[PDB]
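Reading through the structure tokens given below for one structure.
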There are 2 protein chains.
Amino acid sequence: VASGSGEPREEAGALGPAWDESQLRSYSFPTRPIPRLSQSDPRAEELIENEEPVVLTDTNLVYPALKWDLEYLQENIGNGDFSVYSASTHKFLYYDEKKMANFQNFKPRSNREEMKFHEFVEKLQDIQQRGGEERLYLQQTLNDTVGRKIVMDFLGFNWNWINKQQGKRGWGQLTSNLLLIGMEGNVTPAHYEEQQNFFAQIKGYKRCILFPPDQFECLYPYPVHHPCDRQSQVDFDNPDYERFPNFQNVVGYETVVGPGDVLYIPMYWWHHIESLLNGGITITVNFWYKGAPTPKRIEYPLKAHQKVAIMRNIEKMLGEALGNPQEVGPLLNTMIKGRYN
Amino acid sequence: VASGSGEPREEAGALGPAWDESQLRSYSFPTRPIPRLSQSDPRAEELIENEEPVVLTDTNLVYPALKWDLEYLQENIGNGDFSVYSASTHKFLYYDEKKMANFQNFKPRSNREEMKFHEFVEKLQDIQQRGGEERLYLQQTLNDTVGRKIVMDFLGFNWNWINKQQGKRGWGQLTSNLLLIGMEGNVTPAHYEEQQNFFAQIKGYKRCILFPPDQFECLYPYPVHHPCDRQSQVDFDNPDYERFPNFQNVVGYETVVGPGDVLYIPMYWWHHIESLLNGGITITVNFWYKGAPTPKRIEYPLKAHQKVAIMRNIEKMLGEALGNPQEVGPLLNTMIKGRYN
Ligand SMILES: O=C(O)CCC(=O)C(=O)O
Ligand SMILES: O=C(O)CCC(=O)C(=O)O
Ligand SMILES: [Zn+2]
Ligand SMILES: [Zn+2]
């Protein structure tokens, strides 16, 4: 019942288990499995409607990308610039560069380096070459500049299905598709997005651990003006229970996606994403959508994500009102101590 | 230098000290004296301009009320209804009755009872009669219904001086004059107002201890939706240093006003007001003014009162946004724990 990702799935044509338990990292918290359903299954329609996660096994959302691999992409993706993140550890914490202004005591552990696709493949094979410890992760919005055959591939994605989805949910506009290419063992640590996300797995296997928005108290996001806004301050590998005591109460929904799977990551749901160990490279394309307009007007009791949105807006205005994001905390403290605690 | 109210002043015509140290209650914190200046003294103009307190000794602000006493008032104040607050202790904590809706676990220790002036005088003499322990405090906005001679008295107040004051400071409109009649030993505990206040002493002697707005952290106001909004949660007689540790750092400005004195209580300044022990009844009329409009637009660094105004508005909106004032604290806590503390 704290199964996790369940027994590993058996590949078609007796090809043996897709992955195994020892490819998964181990954590301090328990998990229940996210359900894997067919896109035609009413229950999957329920889950998305109710903004609960679900793994859709047969959407064909990115059917033409399933052939993609580094050789094909290097060949066909064009000469555009690609954002590539570097790291010394397996954890790729991300930094909003616009926000680094107002936090000096903040040095990166993951630098963005712009480079052509072939320089990526090259760097990858230079590192592989000599068993170097360092790691990379390419993450780049698909756009205009992309080669003829990638565009045909892109156009062949299942727009009919995902557009119906956008329509049934009242979502706003598709904002971006991010292309993610990772090395085995890479972790994008726990964070949340404000958009809705269909996360479409193309190559390799990723374990995705999700936490609902009502676990805000257990996951301790950075301050909103901090560059790691929306990310957990907790190190999943070495959790500091003195600073983050509610982490001991955290409960995840967990799954492993492979080629053809689409994971619905609902708005404000925390997610932690790791490419399996010794699984090779992973490739994923996501689909971010705005999110249905806010209701006219509120109906109580508020949803967890609505309380989160409120906390964000309080922090923001207080940043503005005080003239300085650094004064947000002392003010809030002064507001609560001996008054509301 | 922590003098306090200074050596007591000597009455004209060798009538001996107006009051003495043993009429003053004793507290845990130190105080410096508020300056007593002449209204013609440029330094007093400085203090009011800079929103610092000052005791003006010669305004004649309420010259015609100096003859007032219970017999005169009973005689001349008319048959209107007068708000009279009751108490079993010397501390008259006030309750906003509009706010009692959203706090059930809140019972009074000071009930408002409407009564004619003669019923007040009567009750007072019924209690005096038999050495009863209970205490009363009349506090009633002067208005329309008031007798012919009180109106002539009122009209004889020094409008020329106080209106010039209103003009020089850019204050808005006079909102009310409250008439306060107290028994010896009555304490109105520490609180702040959002209006500017010229506090005009008429009969008897009051000790006024003021704290500037930047002592918010030491004085622990109730939540804004609580009925004791703007009042300190700290009991000055028995301070709980476990709950209110910054009370140990509190520093007051202190003075004793008698007949003819006017104390400028600047906006957002905390004040604690006690009628001297065994001093007899006290009488005071205050003059509340709105407060200059807010500046277009903000200039940094913000003043303490501006940060207070912000904390108030955060608490208010969060009350509205959450649908329920009771959920304000859990939200704020969730916002700060492990995040900003
Ligand atoms: O695949 C990853 O590591 C990041 C995915 C993610 O965070 C997202 O799609 O929102
Ligand atoms: O005289 C009192 O006890 C109350 C005075 C006061 O709080 C005020 O005038 O604002
Ligand atoms: Zn994400
Ligand atoms: Zn007051």
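Quick note: the coordinates plus some simple rules give every number you see, no bench work behind them. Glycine also receives a Cβ, built like all others from the backbone with ideal geometry; neighbour counts cover every protein chain displayed.
Key figures
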{"item": "Rel. contact order, % - alpha carbon contacts under 8 angstrom, at least six apart, chain B", "result": "24"}
{"item": "Angle between chain A longest axis and helix A:304-322 axis [Cα atoms, degrees, rounded to 10]", "result": "60"}
{"item": "Anchor A:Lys290: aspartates and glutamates whose Cα lies under 16 Å away (excluding residues fewer than 8 positions away in-chain)", "result": "A:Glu49, A:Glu51, A:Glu193, A:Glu194"}
{"item": "Average beta-carbon neighbours from other chains, 10 Å sphere, peptide A:317-327", "result": "3"}
{"item": "Of A:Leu124, A:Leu210, A:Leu179, the one that fluctuates the most in a GNM where chain A has Cα springs shorter than 10 Å", "result": "A:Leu124"}
{"item": "Alpha-carbon Rg with Dmax, taken over region A:298-341, Å", "result": "12.6, 34"}
{"item": "Selection from B:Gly78, B:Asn50, B:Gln129, by position along the positive dipole direction of region B:1-140 (Cβ)", "result": "B:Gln129"}
{"item": "Cβ-placed point charges (K, R +1; D, E -1), dipole of chain B about Cα centre in debye, nearest 20", "result": "940"}
{"item": "Paramagnetic label zone (point 7 Å from Cα along Cα-to-C-beta, A:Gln125; backbone N under 15 Å) in region A:48-71", "result": "A:69-71"}
{"item": "Hydrodynamic radius (Kirkwood) for chain A, which is based on Cα pairs only, to one decimal in Å", "result": "21.5"}
{"item": "Highest to lowest packing among B:111-120, B:267-276, B:308-317, scored as the average C-beta count within 10 Å", "result": "B:267-276, B:308-317, B:111-120"}
{"item": "Cβ neighbours within 10 Å from other chains - mean over B:221-228", "result": "1"}
{"item": "Centre separation in Å (Cα based) which lies between region A:124-200 and region B:117-154", "result": "78"}
{"item": "Viscosity 1.306 mPa s, temperature 10 °C, Stokes-Einstein D of region A:157-258 from Kirkwood C-alpha radius, µm²/s", "result": "99"}
{"item": "0 to 90° range, to nearest 10: angle between helix B:159-168 axis and chain B longest Cα axis", "result": "20"}
{"item": "Degrees separating the helix A:117-129 axis from the principal Cα axis of chain A, which is the longest one", "result": "90"}
{"item": "For A:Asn111, inter-copy label distances in nm, listed shortest first [label point 7 Å out on the Cα-Cβ vector]", "result": "7.6"}
{"item": "Calculated label separations, A:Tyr72, copies of the chain, 7 Å along the beta-carbon direction, nm", "result": "10.0"}
{"item": "Total charge dipole magnitude, region A:298-341, about the Cα centre, Cβ charges on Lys, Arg, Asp, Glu only, Debye to nearest 20", "result": "180"}
{"item": "Where only C-alpha atoms are counted, convex hull volume of the protein assembly as shown per residue in Å³", "result": "205"}
{"item": "Average beta carbon contacts from partner chains per residue of A:157-166, 10 Å cutoff", "result": "0"}
{"item": "Peptides ranked, highest mean first, by Cβ atoms within 10 Å: ranges A:299-307, A:97-105", "result": "A:299-307, A:97-105"}
{"item": "Cross-link pairs beyond the 26 Å C-alpha cut-off, checked among A:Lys168/A:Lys203; B:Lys91/B:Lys123; A:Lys98/B:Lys296", "result": "A:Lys168/A:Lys203; A:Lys98/B:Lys296"}
{"item": "Computed [θ] at 222 nm, helices only, for chain B once each DSSP H run of length n ≥ 4 contributes -39500 (n - 2.57)", "result": "-6500 deg cm²/dmol"}
{"item": "Highest to lowest packing among B:151-164, A:6-19, A:79-92, scored as the average C-beta count within 10 Å", "result": "A:79-92, B:151-164, A:6-19"}
